[PDB]
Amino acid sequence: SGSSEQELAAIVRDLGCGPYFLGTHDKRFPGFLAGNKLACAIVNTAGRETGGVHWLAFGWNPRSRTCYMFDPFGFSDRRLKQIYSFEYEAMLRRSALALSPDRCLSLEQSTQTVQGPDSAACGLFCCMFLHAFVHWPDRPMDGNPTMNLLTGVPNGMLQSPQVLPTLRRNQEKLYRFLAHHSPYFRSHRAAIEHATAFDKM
């Protein structure tokens, strides 16, 4: 269900993120541990042994010492822990102690969903966010050419029938964005769209 590790890696590299990309990880992604280059990762909420559950993106901007955590659903940390049994405080601590002279960092995260509740497109939305991040690392969540294509909806409305048109339109815009930007996606488009469909789940 949803995108494989290799699909995500191929697409993120089509999107120009290869130099920065630490790889597709399970929930044990260790963090941002050395040097001063822009960095990013795609991280599952679950361990590899489970077969995977949900995809998140992380970005690290060394200039500002800002870590971005992008959940396509925009869940809070408390809700990621409750729903997905996923916590990432240890990774942030590790990263701050490795990279920041004052043992601090800034954490920016979404409060809104771009994705329908039954969609299997989370990893693809993560790739789209990472394109925004590597091209506009000081303002990836909104107010850039990539994320301006999507409409965020309050996370608390995720299960409402009133938002389904908006969330489906986001998915259609995601696929058109990927078709413009990714030869991998173009070559496998029908299959990937089936596998990641809005009502898949």
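Rigid core here is just the name for the largest C-alpha set that superposes within 1.5 Å across the two forms. Throughout, we count residues from 1 along the sequence that is shown.
Superposition on the core shows that, in 4 other deposited structures of this protein, the C-alpha atoms drift more in one of 30 to 38 and 47 to 55; this is 30 to 38. Superposing each structure in 4 other deposited structures of this protein on the rigid core shows that the farther-lying of 60 to 68 and 128 to 136, by root-mean-square Cα distance, is 60 to 68. Legend: mean Cα B-factor per stretch from the PDB entry, 47 to 55 versus 138 to 146; the higher mean is in 138 to 146.
Annotation for 1 to 9 versus 192 to 200: the higher mean temperature factor (C-alpha) is found in 1 to 9.
Per the deposited coordinates, the residue with the largest Cα temperature factor out of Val114, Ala120, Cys104, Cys127 is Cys104. In this entry, the residue among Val153, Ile42, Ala39, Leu174 with the greatest C-alpha B factor is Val153. Remark: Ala34 belongs to the highest third of its chain, ranked by C-alpha B-factor as recorded. Ranked by C-alpha B-factor against the other modelled residues of its chain, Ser85 falls in the highest third. When all modelled residues of the chain are sorted by CA temperature factor, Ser182 is found within the middle third. Looking at the C-alpha B-factors along this chain, the one for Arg169 belongs to the middle third. In the deposited entry, the Cα temperature factor of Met69 places it in the lowest third of its chain's modelled residues.
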